Amino acid sequence: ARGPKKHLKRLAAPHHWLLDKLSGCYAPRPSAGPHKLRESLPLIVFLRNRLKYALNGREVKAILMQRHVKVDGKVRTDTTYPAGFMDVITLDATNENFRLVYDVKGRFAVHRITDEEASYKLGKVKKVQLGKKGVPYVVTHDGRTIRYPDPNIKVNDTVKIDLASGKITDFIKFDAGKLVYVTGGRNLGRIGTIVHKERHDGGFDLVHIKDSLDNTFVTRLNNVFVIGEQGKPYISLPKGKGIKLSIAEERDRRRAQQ
Amino acid sequence: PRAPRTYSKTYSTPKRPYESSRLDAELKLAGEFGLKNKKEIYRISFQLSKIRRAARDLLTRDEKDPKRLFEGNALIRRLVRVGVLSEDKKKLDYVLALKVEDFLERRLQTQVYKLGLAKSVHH
Amino acid sequence: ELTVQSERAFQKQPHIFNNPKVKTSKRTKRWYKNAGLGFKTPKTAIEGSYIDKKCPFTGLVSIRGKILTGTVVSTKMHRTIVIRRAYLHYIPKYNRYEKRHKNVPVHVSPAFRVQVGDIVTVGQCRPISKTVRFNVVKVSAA
Amino acid sequence: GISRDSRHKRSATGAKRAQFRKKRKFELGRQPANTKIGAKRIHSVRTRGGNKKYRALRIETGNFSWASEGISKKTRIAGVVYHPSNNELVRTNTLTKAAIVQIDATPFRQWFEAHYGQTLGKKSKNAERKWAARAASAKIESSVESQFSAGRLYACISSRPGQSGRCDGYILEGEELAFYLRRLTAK
RNA sequence: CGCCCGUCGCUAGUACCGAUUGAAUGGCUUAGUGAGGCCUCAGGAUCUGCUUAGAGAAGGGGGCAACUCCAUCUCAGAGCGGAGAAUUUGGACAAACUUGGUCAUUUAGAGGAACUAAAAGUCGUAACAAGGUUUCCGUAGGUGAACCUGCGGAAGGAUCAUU
RNA sequence: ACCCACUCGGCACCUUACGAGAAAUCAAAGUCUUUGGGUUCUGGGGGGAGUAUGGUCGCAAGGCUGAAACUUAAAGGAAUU
RNA sequence: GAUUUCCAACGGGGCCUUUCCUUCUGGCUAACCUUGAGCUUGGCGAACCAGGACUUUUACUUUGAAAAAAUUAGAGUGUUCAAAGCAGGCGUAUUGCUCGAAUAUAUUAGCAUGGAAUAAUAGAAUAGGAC
RNA sequence: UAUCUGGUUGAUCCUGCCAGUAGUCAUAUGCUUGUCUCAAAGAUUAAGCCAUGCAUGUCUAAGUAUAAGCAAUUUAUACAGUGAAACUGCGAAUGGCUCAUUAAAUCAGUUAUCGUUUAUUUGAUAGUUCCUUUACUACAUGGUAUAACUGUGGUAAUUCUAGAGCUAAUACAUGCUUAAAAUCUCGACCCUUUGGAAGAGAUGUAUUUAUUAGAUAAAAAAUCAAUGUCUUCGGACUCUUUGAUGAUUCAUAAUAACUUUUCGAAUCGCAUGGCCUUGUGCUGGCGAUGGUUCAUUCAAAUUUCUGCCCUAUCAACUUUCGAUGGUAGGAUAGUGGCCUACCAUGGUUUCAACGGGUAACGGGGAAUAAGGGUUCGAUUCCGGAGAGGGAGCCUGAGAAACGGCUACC
């Protein structure tokens, strides 16, 4: 109303944030940045409620301002930085990086990655053409633009950002047999392969992907993410690689383990 | 303003609170189990009716449907862990026949009496 | 009507100009654009003499959006037709449908010939006037 | 001030729509520019989100282009001859978009003389060879050649003086020239 | 020795009409008057920069008698500009005031004519039996009152039966 | 013009109840708790009241639409002694 | 021996029964005369697409995408019980490990997919009907 | 947890209503009122009026520090630490409160912007700016005023201000400064004119235009502008470059010019190294701030289809002065009768238009039921309106802003 808002109550916060219901009255409103605030994960909540290296906002602010965090290269200092999906976040020394990837339950996981995993990253392009003075560029899902890309790169592909020079190391063509992380929707965190995508001339393209254990389910093209080839993923998958294991037998498994 | 808390009534007033046979039943139960004013009797009846209706709805569903199956196993496991459900007989049908007797049995005072630590319900 | 150039101004396709020093056939070049979504431009639109900047086939108006059918009930009002939409409203209480109608005015290109009774299909377009917001892209004459 | 709302506008069915909200800032409207012919004076107008608009008024000179041949030069506005909207703008002698207006055509004539070597119906070997190479194109249609011989031409304005702040136009030629000549001669 | 009606007398309450050019509240706009901000037509106080330009003459460099070259406290005058307020010719937004018109809700009002409430009022007995003139429905009159009468119809009649 | 047999369309009549209905009774008032053939209108306790008002037609008496305030716990239908 | 040779019920797919059960311009040709002795180059453009010739509309139904939380049902959990809440649990505790924070509901309207069972629309009849 | 009962009657069976019964994030009241956790709380009538207090200010290593402040330098004689006040840049358009107005309006489900703007964070993104461009020129970084402060005060009074003296900017206002090649123009010159050149100007953005492109179903043969590539000019020439959407006058590029000329760093804090030569000569990071555009995000703005209570004791409504469309123009940041001049007479409606009331913000939801269903929803979540009624406007990217002003009650 009569200007952009600068607050967000702790009821309309995304459920994937996995925050305490009451915990006061307010919730951390993400600042403008790479990813949308609805599918974001601010450093405040990530380091206060999901990983547990701090207690409150003052402590986490002190931990970001001490040049300890190295989010996607630059150190960064904003507590409400919108860290989304497929983004590496370096944590000073001793090599803990924990690249943010959705779990099978729809929320975010804390799966730890290695130094090379943090050095490289994969981003899905969404819009490509030439700009001023006819320089082609690709806009990834993160938001970064890379000038002078490979001519073979097309819409709905995935490129490999080296994060050191700002260029594309490699690209994945969007075709059959491509691993999909399913970014968004009811199938959040699922892993599947591309077999057949509908033309959908009007719009809102969808593809009936297939999970490894013969689970066929269709997701919109706007909610896909090519993470690698078949049987050879280009990312470090967390435990439970989009299995979507059923409720009764996963309860049976947890009681068997316990 | 934070999110409001959730509260629900733990008892249910009967549709006919003014009659003889029901009153006799409750009064006998309270006298022979050593209870206060029968608010907890109404509460026990309320929870028993709730779980009995849930069991009836579960039995309505067809067999081998996981929807029915896993809720049935969960309810049976919880009820037998509480102890009002007999260990030998658990087939999602004896729950529809269980009464308030076992629920009042599982109270601390009755357990102490039947273990032999107070010699009286009131004690 | 028959004569395209009847108003005070000289209506023509913007940024379209024919060299006065050349001879090539048709003189003025007629710019045309494909509507899309499996819609075929009529042969009359290719060789027509009108301008009708609001026509998607020979104008800047896009047919992006949804496509809905209707029956024309009024053609007196100029350059436009009013279509009647027949739809059934369902009341969950009575488990029976309700007969309802809606009249949405649409814009028709001069190439298409529309009478009172034939069926038309109109797609969404940018606001052309206060009420009209759809353009005729296909007509089935009865 | 002037608002562009639809709440004050009557509904399609004809019912008087009762007011719902007061006039808003993002939907305001300004007065017409009414760019006359006089001393050059433009006042900047602040617009939503910056992008100051050039509210022109009493323009002196403007740019005009020769689409048939393709040359654009700065000429002087002389006067409006006829406005397809209505005649009071011409009577006031004020400049608006899509208004037929006389131009000096003097630098156009100079360009023609220095580029083609031939007059539009009233030494350097490089110039002679350039004209010889550029021959077979010096022919000019009757209306434009007569207008050039008489002086002032007829030009139609494409830019918006109120928004752009400057006057840009193109010389009439061909069918539009004939039509507008008929309209102005039928007096 | 039942049941029950109508007029009138006493008491309260409710609703209607009701002269009062009815009165107040809100919504809409006929017209007139019309503040203020805004965009433009002018306006020029005031500030201020540049270019010459006269300017009494210190001092210096020169002559070295006068006189010449240079800026210095200062003021006639001439242009080249920039910001520029008070006021203000025109256009639109037009708050608000006066006068009415229309719509919605309210309540005062002498008096008039109704309804209702009642253990104990006066007159008649109209209906429930063939209620003692068989009832009931339309229509038009008369009578304090129920009611009566003329015309038409019905039995919900007191008649399922006249070869 | 009569008599015998058949049929269609009507006024109707008699014994019974496969059934309906609270009963009086009904071959339709049946095929409605084994609840649905299509369809129009009217009514939600009795008074106030078919009244007032707002409209409309009529020369007139009146005709059509049509309340509210307030009051009561019985007003009613069929059969039995 | 939970499994194959399975005898029966159940919904599905293709083909023949006059039933095109939309089809033409190219890449490779599929079911392949490609012949290699039965892996040997081309049996027929969908077995894979680029495309273009046309798509009567539907009403309905099945499935699916998208459908912010709390709230509704409800999984797990000794907040001493419970209302609750979303924790906690286990240790070699000088070093630490770690399961979770589910799963469903979303009428109506909009979008895509199989059906022509039921209910309408139009075709070819003083033929400008179709090939 | 799909259930009842008392009452017209001497008595029976029906219609029928009254009452009893239970629940109510539905209230108010009376009688009492030991304890743990928890919690609504001037909504119902007055969106009636308010005394007095508070609720928006802000400094890092990194904009301006001669306070006549505080101290210390021993690293400094131009300045260094802290630091009042003030200038400057942002924020005050967030949040909180209420539901007055509002019945295709808001709003919900569901779409479009190929019809628009966008500070903010994130990622990229200016070799051209001296234009009688030999003097007209500080680029070793140039111009000016002012705040605080010091003195004069006026007023009874307010976040009241005028004269005198100064002084700084990330304050205003000016301004040049780095290799080339390619390609366009003028054109000397040589004219042997197959014809070729010295030379000069032009050559980044932002704006205004106009044009050429911006392609992209298969296959052949005689000739022309001057032979074009190179030769027996018989003539070989095949190669030919083009991104995206279903869709474009799309993005983008080149020409002819235009701009009261937009930008292209006259800014700030730390650390201290190399080239020669001993010149404060030349090269050297971490950053911060600022900046021209594009993308993303924050969003805002309209907008596609459907869905909202009771009334016909509301049957026609709108159409002078805008109504239904077009033509052309103005304003908006954008499409649009949003306004203007002309033309046509049109647009909705018994499928409930239009008018009236709502003791009606809507939705997510709450109470209550076998199933169906009924009522409520101001209220802890989202969206919408308001700061007493209007109306106007500056600043500001974002306000018709009211704890911002002006005008009337």
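Residues numbered from 1 in each chain as written, not as in the entry; some residues may be left out. Chains lettered and ligands numbered in written order. Part of a larger assembly, values for the part shown. Heavy atoms only, no water. Residues with missing side-chain atoms left out of burial classes, pairs and counts.

Some words on the overall build of chain B
Item 1. Across its full length, chain B holds five helices and zero strands.
Item 2. Counting from the amino terminus, helix and strand elements in chain B follow one another as α-α-α-α-α.
Item 3. A compact globule built from 123 residues would reach a C-alpha radius of gyration of about 14 Å, whereas chain B, at 17 Å, exceeds it by more than 25%.
Item 4. In terms of overall dimensions, chain B has a C-alpha envelope of 50 × 45 × 40 Å along the principal axes.
Item 5. Burial status across chain B gives 25% buried among its 123 residues.
Item 6. Put simply, 54% of the contacts in chain B that link residues at least 6 apart link residues at least 24 apart.
Item 7. Surface summary for chain B: the accessible area is close to 9,400 Å², and the carbon and sulfur share equals 55%.
Item 8. Chain B carries 30 positive and 16 negative side-chain charges, and their two centres are separated by 7 Å. (Helix = DSSP H or I, 4+ residues; strand = E, 2+ residues; numbered from the N terminus. Rg over C-alpha atoms; globule rule 2.2 N^0.38 Å. Buried < 20%, exposed > 50% of the residue type's maximum accessible area, 1.4 Å probe, protein only. Contact = heavy atoms within 4.5 Å. Areas by Shrake-Rupley, 256 points an atom, 1.4 Å probe, with all protein chains shown as cover. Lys, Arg positive; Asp, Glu negative; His and termini not counted. Charge placed at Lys NZ, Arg CZ, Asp CG, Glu CD.)

Thoughts on the protein's contact with RNA strand G
Item 1. The environment of RNA strand G is made up of 29 residues, and the closest members are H15, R38 and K105 of chain A together with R77 and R78 of chain B.
Item 2. Each atom of RNA strand G within 4 Å of the protein belongs either to a base or to sugar and phosphate, the latter forming 80%.
Item 3. Take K21 of chain A: an N or O atom from its main chain is 3.0 Å from a phosphate oxygen of RNA strand G.
Item 4. Contacts to RNA strand G include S8 of chain B, whose side-chain N or O atom sits 2.9 Å from a phosphate oxygen.
Item 5. Contributions of two or more residues to the surface near RNA strand G are made by β12 (215-220) and α4 (247-257) of chain A together with α3 (66-82) of chain B.
Item 6. Broken down by element, the residue count for the surface near RNA strand G peaks at five residues, all from α3 of chain B. (Near = heavy atom within 4 Å. Polar contact = N/O pair within 3.5 Å; in protein donor to acceptor, adjacent residues only side chain to side chain.)

Some words on the interface of chain C and chain D
Item 1. Taken residue by residue, the interface counts 11 residues in chain C and 17 residues in chain D.
Item 2. Summed over both sides, the interface between chain C and chain D buries roughly 1,200 Å², with carbon and sulfur atoms accounting for 60% of that surface.
Item 3. At the surface where chain C touches chain D, the tally comes to zero salt bridges.
Item 4. Counting every contact that joins chain C to chain D gives four residue pairs in polar contact.
Item 5. Among the residues making up the side of chain C that touches chain D, the classes are represented as four nonpolar, two polar and five charged. (Buried area = accessible area lost by both parts, 1.4 Å probe. Salt bridge = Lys/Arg side-chain N within 4 Å of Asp/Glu carboxyl O. Nonpolar A, V, L, I, M, F, W, Y, C, P; charged D, E, K, R; others polar.)

Notes on the sheet that holds strand β7 (residues 72-82) of chain D
Residues and elements named next belong to chain D.
Item 1. Within the closed barrel, the five strands sit side by side as β6-β7-β9-β10-β11. Their pairing is mixed. Neighbouring strand axes in the sheet, compared pairwise and without regard to direction, differ in orientation by 55° on average.
Item 2. The strands touched by helix α2 (residues 106-116) within the sheet are β6 (61-65), β7, β10 (153-157) and β11 (168-171), with β7 carrying the most contacts at an inclination of about 135°. (Pairing = 2+ DSSP bridges. Axes fitted to C-alpha atoms, helices over the stretch in contact; angles between N-to-C directions.)

Description of the packing of aromatic side chains
Item 1. Across all of its chains, the model carries 17 aromatic pairs over all chains by this definition.
Item 2. Aromatic ring contacts, followed pair by pair, group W66, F108, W111, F112, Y116 and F148 of chain D into a single cluster.
Item 3. Positioned above the aromatic ring of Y113 of chain B is the side chain of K114 of chain B, whose terminal nitrogen or guanidinium carbon lies 5.9 Å from the ring centre. (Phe/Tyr/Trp six-rings, centres within 6.5 Å; stacked < 30°, edge-to-face > 60°. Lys NZ or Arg CZ within 6 Å of the ring centre and 35° of its normal.)

Concerning the packing of helix α1 (residues 43-50) of chain A against helix α2 (residues 57-65) of chain A
Residues and elements named next belong to chain A.
Item 1. At a minimum axis distance of 10 Å, the contact between α1 and α2 shows a crossing angle of 115°. In this view, α1 runs roughly perpendicular relative to α2, as classed from their interaxial angle. For α1 against α2, the interelement crossing comes out right-handed. Between α1 and α2, the contacting residues are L43, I44, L47 and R48 on the first element and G57, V60, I63 and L64 on the second.
Item 2. In terms of residue class, the contact of α1 with α2 is built from six nonpolar, one polar and one charged. (Parallel < 35°, antiparallel > 145°, perpendicular 65-115°, else oblique. Left-handed = near helix turned anticlockwise from the far one by under 90°.)

Focus on the domain arrangement of chain A
Residues and elements named next belong to chain A.
Item 1. Taken domain by domain, chain A consists of domain 1 (1-116), domain 2 (121-171) and domain 3 (174-244).
Item 2. For domain 1 and domain 3, the distance between their C-alpha centres works out to 26 Å.
Item 3. Between domain 1 and domain 3, the residue contacts involve 10 residues of the former and 13 residues of the latter.
Item 4. Interface area, domain 1 with domain 3, both sides summed: about 970 Å², of which 72% is carbon and sulfur.
Item 5. One can count zero salt bridges joining domain 1 with domain 3.
Item 6. Between domain 1 and domain 3 we count two residue pairs in polar contact in total. (Domains from an automatic or database assignment.)

Observations concerning the nonpolar core
Item 1. Membership of the largest hydrophobic core comes to 48 residues, with the highest contact counts inside it found for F85, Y181 and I227 of chain A.
Item 2. Put simply, the parts of the chain that give this core at least two residues each are α1, α2, β2 (69-71), β4 (89-91), β10 (178-180), β11 (206-211) and β13 (226-229) of chain A.
Item 3. Among the elements that make up this core, the one with the highest residue count is α1 of chain A (five residues).
Item 4. Ignoring any residue separated from it by four or fewer positions in sequence, one finds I227 of chain A in contact with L122, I172, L179, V180, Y181, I191, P233, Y234, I235 and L237 of chain A.
Item 5. The next biggest cluster of nonpolar side chains, apart from the first, holds 30 residues, and it includes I59, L95, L172 and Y180 of chain D. (Core = buried A, V, L, I, M, F, W, Y, C linked by side-chain atoms within 4.5 Å.)

Thoughts on the side chain of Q102 of chain D
Residues and elements named next belong to chain D.
Item 1. Within the secondary structure, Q102 sits in strand β9 (residues 100-103).
Item 2. In this structure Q102 comes out as buried when scored by relative accessible area, which is 16%.
Item 3. If we skip the residues at most four places from it in the chain, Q102 touches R76, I77, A78, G79, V81, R152, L153 and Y154.

Quick notes on unusual backbone geometry
Item 1. At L18 of chain A, a residue that is not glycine, the phi angle is positive and equals roughly 60°.
Item 2. Position of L18 of chain A among the secondary structure elements: in the segment before β1 (41-42).
Item 3. A relative accessible area of 40% means that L18 of chain A is categorised as partly exposed.
Item 4. For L92 of chain B, which is not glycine, the phi dihedral falls at a positive 65°.
Item 5. For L92 of chain B, a relative accessible area of 13% translates into the label buried.

A short note on the state of the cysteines
Item 1. Taken as a whole and assessed by the stated rule, the structure comprises zero disulfides over all chains.
Item 2. With no disulfide of its own, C55 of chain C lies 11 Å from the sulfur of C125 of chain C, the closest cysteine sulfur.
Item 3. Free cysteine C167 of chain D: the closest other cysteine sulfur is in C156 of chain D, separated by 12 Å.
Item 4. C167 of chain D gets classed as buried once you look at its relative accessible area, which sits at 2%. (Disulfide = S-S within 2.5 Å.)

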